[PDB]
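>>> part one of the complex, left exactly where it sits:
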Amino acid sequence: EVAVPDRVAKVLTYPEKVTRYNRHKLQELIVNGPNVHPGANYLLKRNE
Amino acid sequence: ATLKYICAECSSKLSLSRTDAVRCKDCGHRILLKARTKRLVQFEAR
C-alpha cells in the first residue's frame, strides 16, 4: 500500500463506468460532491 | 485616526483624494503604507 494524503485524493480522480453493480454506491457517491473525500467530481453521460 | 493611510517617515494620518498625488501632504517623502482596517477579524489561537 501507499498511504496517500486525502488532499491530493480530492483532486486526483479515477474514471468509472457505472454499470448495474455500482449504482447504490455511485448514485449515493455523487450526492457527497467533490468537497468531501469519499465522493466524485466530474460526471459524463452516455450521450457523449 | 480612522482615515485611510500613513507616510513612512512622517508617520502621519493621510487621507488621499482619488487620483490626487502619491506624495504625502506633510513630508516630501514619497512612499506610503496603508493603515490598519477598522474592521473586525477572527483568529483561533491553537
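That came through, no problem. Numbers count the residues shown, from 1 in each chain, chains lettered A, B, ... in the order given.
>>> can you tell me which helix or strand the residue positioned nearest the centre of chain A belongs to?
Note on chain A: the residue nearest the mean C-alpha position is residue A:40, at 3.0 Å, using CA atoms, centre = their mean. In this structure, residue A:40 sits in neither a helix nor a strand according to DSSP states H and E.
>>> what do you get for residue A:24?
Counting by DSSP H and E, the element that carries residue A:24 is helix A:23-32.
>>> which strands and helices sit next to that helix?
Secondary-structure packing of helix A:23-32 (3 or more CB pairs under 8 Å, 6 or more residues apart in numbering or on different chains; DSSP states H and E): no helix or strand packs against it. For every residue, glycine as well, the C-beta is placed using N, CA and C.
>>> Most distant residue from the centre of chain B?
Of all residues in chain B, the one whose C-alpha sits farthest from the chain's mean C-alpha position, using CA atoms, centre = their mean, is residue B:46 at 31.0 Å.
>>> contacting residues around that residue?
With CB atoms under 8 Å, 6 or more residues apart in numbering or on different chains as the criterion, no residue contacts residue B:46.
>>> how much space between it and residue A:7?
From residue B:46 across to residue A:7, the span is 20 Å (CB to CB, to the nearest Å).
>>> In this structure the residue nearest to the centre of chain A contacts residue A:30, no?
Yes - the pair residue A:40 and residue A:30 qualifies as a contact (CB atoms under 8 Å) at a distance of 5.6 Å.
>>> What sits closest to residue B:33 if chain neighbours are left out?
residue B:6 (5.2 Å; CB to CB, 6 or more residues apart in numbering or on different chains).
>>> beta partners of the spatially most central residue of chain B?
The central residue of chain B, meaning the one whose C-alpha is nearest the mean C-alpha position (CA atoms, centre = their mean), is residue B:5 at 1.4 Å. The bridge-partner assignment for residue B:5, based on DSSP bridges, gives residue B:14.
>>> For residue A:31, see how far away it is.
Note on residue B:5: its distance to residue A:31, by CB to CB, is 49 Å.
>>> ok so, going back, how close does the residue nearest to the centre of chain A sit to residue A:5?
Taking CB to CB as the measure, residue A:40 falls 19 Å from residue A:5.
>>> Pull the contacting residues for residue 9.
Using chain A here. For residue A:9, counting by CB under 8 Å, 6+ apart, the contacting residues are residue A:37.
>>> wrong chain, I was asking about chain B
Applying CB under 8 Å, 6+ apart, the residues near residue B:9 are B:27, B:29.
>>> and what of residue B:29?
Here residue B:29 is in contact with B:7, B:8, B:9, B:10 (CB under 8 Å, 6+ apart).
>>> Sequence for chain C below, add it please:
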Amino acid sequence: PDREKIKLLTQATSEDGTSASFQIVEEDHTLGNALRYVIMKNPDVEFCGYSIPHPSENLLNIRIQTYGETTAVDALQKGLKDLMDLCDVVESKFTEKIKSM
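One more piece, chain C, placed on the ones above:
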C-alpha cells in the same frame, strides 16, 4: 445507549466465547494498558492484549482468547467491572487520607 462504542469483530471470533476481538472506538492506551492488567489476572483468561491499528485513525483493538468454561465477552464484562472497583478504592483510601491530611 449509543450503539457505537464496542463492535464485536465478526472476522476474528470463533465460537462459544474463547476468542474474540473488540474494537473500541474513540480511545487510546490510557484505557487498554489498564483494562488488560485487570483482565490478565482473571483466573481463566489466557490471551488478552491490545493494539492501535494506526494513530492517525482512532481505534483500540483488544483481543481476548480464553479457555473453555466462561466466555470471551463475559471476561471483558467482568474484568471491566473490576477495574471499576479499583478506582472506587483509590478514591476511598485517597480522599480519606487527604481529608485527615
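>>> related to what we said a few turns ago, I'd say the residue nearest to the centre of chain B and residue B:37 touch.
No - judged on CB under 8 Å, residue B:5 makes no contact with residue B:37 at a distance of 10.4 Å.
>>> Can you tell me how far the residue nearest in space to the middle of chain C is from residue A:29?
The C-alpha lying nearest the average C-alpha coordinate of chain C belongs to residue C:35 (CA atoms, centre = their mean; 4.1 Å). Counting by CB to CB, the gap between residue C:35 and residue A:29 amounts to 38 Å.
>>> Ok, residue C:92 next?
From residue C:92 across to residue A:29, the span is 55 Å (CB to CB).
>>> between these two, which one's more packed in?
Neighbours of residue C:92 and residue A:29, each counted by other CB atoms under 10 Å in any protein chain shown, are more numerous for residue A:29; the result is 16 against 11.
>>> wouldn't that one be in contact with residue A:36 here?
No - under the criterion of CB under 8 Å, residue A:29 is not in contact with residue A:36, lying 10.4 Å apart.
>>> Just want the phi and psi numbers for residue C:30.
phi -50, psi -40 (degrees, to the nearest 10).
>>> For the residue nearest to the centre of chain B, which residues are in contact?
Remark: with contacts taken as CB under 8 Å, 6+ apart, residue B:5 is in contact with B:14, B:16, B:32, B:33, B:34, B:35.
>>> hang on, residue C:62 is in a strand, isn't it?
Yes - going by DSSP: H, G, I helix; E, B strand; the rest coil, the assignment for residue C:62 places it inside a strand.
>>> give the contact list for it.
Residue C:62 makes contacts with C:21, C:22, C:23, C:24, C:32, C:35, C:36, C:48, C:49, C:50, C:76, as judged by CB under 8 Å, 6+ apart.
>>> Helix, strand or coil: sort out the third one for me.
Meaning residue C:23. With three-state DSSP as the basis, the three-state label of residue C:23 is strand.
>>> and it, how many residues sit next to it?
Burial of residue C:23, expressed as a neighbour count using other CB under 10 Å, amounts to 17.
>>> was I right about it contacting residue C:12?
No - proximity of residue C:23 to residue C:12 does not meet the contact threshold set by CB under 8 Å, at 9.8 Å.
>>> Which residues are in contact with the residue nearest to residue C:31 when sequence neighbours are not counted?
When the adjacent residues along the chain are set aside, residue C:31 lies closest to residue C:60, with 6.8 Å between them (CB to CB, 6+ apart). By CB under 8 Å, 6+ apart, the contact list for residue C:60 reads C:23, C:24, C:25, C:27, C:28, C:31, C:32, C:50, C:52.
>>> same structure, new chain, call it chain D:
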Amino acid sequence: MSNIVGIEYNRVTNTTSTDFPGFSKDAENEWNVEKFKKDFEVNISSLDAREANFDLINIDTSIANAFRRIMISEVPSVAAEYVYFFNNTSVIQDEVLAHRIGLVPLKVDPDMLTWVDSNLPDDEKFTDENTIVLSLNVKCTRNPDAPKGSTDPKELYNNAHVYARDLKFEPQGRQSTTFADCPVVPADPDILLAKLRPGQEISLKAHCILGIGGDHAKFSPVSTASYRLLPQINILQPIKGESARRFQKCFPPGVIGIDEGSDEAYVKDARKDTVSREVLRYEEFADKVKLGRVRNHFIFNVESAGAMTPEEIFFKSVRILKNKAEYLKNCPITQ
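Following on from the chains above, chain D is added here:
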C-alpha cells in the same frame, strides 16, 4: 520478582509487573479485592496551593501510568481559544499575539461551564455559561514625565509592557452573579503578552471556551504531572573506613551518610537520590553494593497551571477513568 527492579551499569532488569496468576506453576495473587484494599496504601509529602507532591504505594505500573496520561490530558480545563481583534498596530504579529492569549492559563474553576456544542453555529455555539469572554485593550503614550534620556523603557512610557493582569472580565446575563464570589483572574498575573511603544495600541476581546488536554497543551490543567519510581539503595558488607567517606560523595548529598567510621555509612534515606548510578563506574565498590527501585512505590508529583488545586486534579483524574470504564460496561456489544 520481589518487586525490586534490577539496576546494572549497562542495563536495567526485571521490569515487567509479573504479579498475575498464571505465570507460575502455583497460581496465587489472583485479583479479587480486599487482598487489594487491605493491602494498598497511600501517603503524602506536601501540598501547596498550586503544587502537590505525594506518594502512592503497592499498585502496579499500569493503572498508575493511566493516571499520568489521563491526568496530563483528559481532565478538562478552560483556556482562551477564539480571539477577536479590534484593529491592532502592535509590532508583534496580529497572528502570533493571538496565539499567546490562547496559551496563558486562567484561574477559574471548571464545572462552572458546560461543553460547547460542535453544531448550531455562531449565536447558538457560544452561549452565556458556555463561555468566559476576556477583554483587553491598551494604548501607549509618551510619558510626560521623562526623568532622563534613554533610561529604563518603563518610566519613559505608559504601560509599554502589557501583562496578563490587563485582561479584564466582562460578564453577561446570569454571568455576573454566578462568578461574583470567584471573579476570573489570569492565573499567574504577570506575563508578557506584548511589548509595544507609544503610538501603538491593542484592542481585542477573546472568547474563552472549555477545552480538553489532548487537543492542545494550552488546555492541560497541569504543567508537569509525573511519577518518579522510588529508588532503593541497599548495601552489602560494612564498606567502612576512609573510602566509605568517598562513597557518600559518590551520591547526591543527602542520600546515605556516615554514622561513624566504624559505623560506616548507613543509608540515611532514599528518594533524595536521582538514581544516577555512579557507584558502578567506580569499580572497587562493585561487589558490595547493588541498586534497585521498587515497582510498587510511586513517588508522584503534580504541578498545576494554577487552574485548581492538584489534590483536585489527581482526584478527578481517577473518576474520569472510573466513569469511562463504567460507560463502557453499560454500552452493549453490537454485532
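>>> Check the contacts of residue B:46 one more time with chain D there.
Taking CB under 8 Å, 6+ apart as the criterion, residue B:46 is in contact with D:81, D:99, D:102, D:215, D:216, D:218.
>>> Can you select the buried ones among those for me in ChimeraX?
This is how ChimeraX selects the buried members of those, with burial counted by 16 or more other CB atoms under 10 Å in any protein chain shown:
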select /D:81,102,218
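>>> hmm, which two among the contacts of residue B:46 are most spread apart?
Across the contacts of residue B:46, no pair lies farther apart than D:99 and D:215, at 15.0 Å, counting by CB to CB.
>>> sorry, back to before: got the contact list for the helix holding residue A:24?
For helix A:23-32, the surrounding residues in contact (CB under 8 Å, 6+ apart) are A:16, A:18, A:38, A:39, A:40, A:43.
>>> Dump it to CSV, restricted to CA.
Output in CSV follows, covering the C-alpha atoms of helix A:23-32 (Å, rounded to 0.1, in the frame of the first residue of the first chain):
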residue,chain,number,x,y,z
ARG,A,23,-25.3,2.4,-8.6
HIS,A,24,-26.2,2.3,-4.9
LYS,A,25,-22.7,3.3,-4.3
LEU,A,26,-22.4,5.9,-7.1
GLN,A,27,-25.9,7.3,-7.1
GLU,A,28,-25.0,8.0,-3.5
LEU,A,29,-21.4,8.7,-4.2
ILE,A,30,-22.4,11.8,-6.2
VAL,A,31,-24.6,13.3,-3.5
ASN,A,32,-21.5,13.8,-1.4
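>>> Any buried residues in that helix, and which?
Under the neighbour-count rule (16+ other CB under 10 Å), helix A:23-32 has residue A:29 buried.
>>> and if you look at stretch D:45-64?
Of all the residues in stretch D:45-64, those buried under the rule 16+ other CB under 10 Å are D:50-57, D:59-64.
>>> Give me the subset of those that lies in strands.
Within these, residues falling in strands by DSSP state E are D:52, D:53, D:54, D:55, D:56, D:57.
>>> Among these, which one lies nearest to residue D:252?
Among these, and counting by CB to CB, the member closest to residue D:252 is residue D:53, at 17.5 Å.
>>> What residues are bridge-paired with that closest one?
Bridge pairing for residue D:53 - DSSP bridges - gives residue D:46, residue D:301.
>>> And it, how close does it get to residue C:97?
The value you get for residue D:53 to residue C:97, if CB to CB is used, is 14 Å.
>>> What helix or strand is the closest residue to residue D:37 other than its chain neighbours located in?
Taking CB to CB, 6+ apart, and ignoring the residues beside it in sequence, residue D:37 has residue C:89 as its nearest neighbour in space, at 5.4 Å. When secondary structure is defined by DSSP H and E, residue C:89 falls within helix C:72-100.
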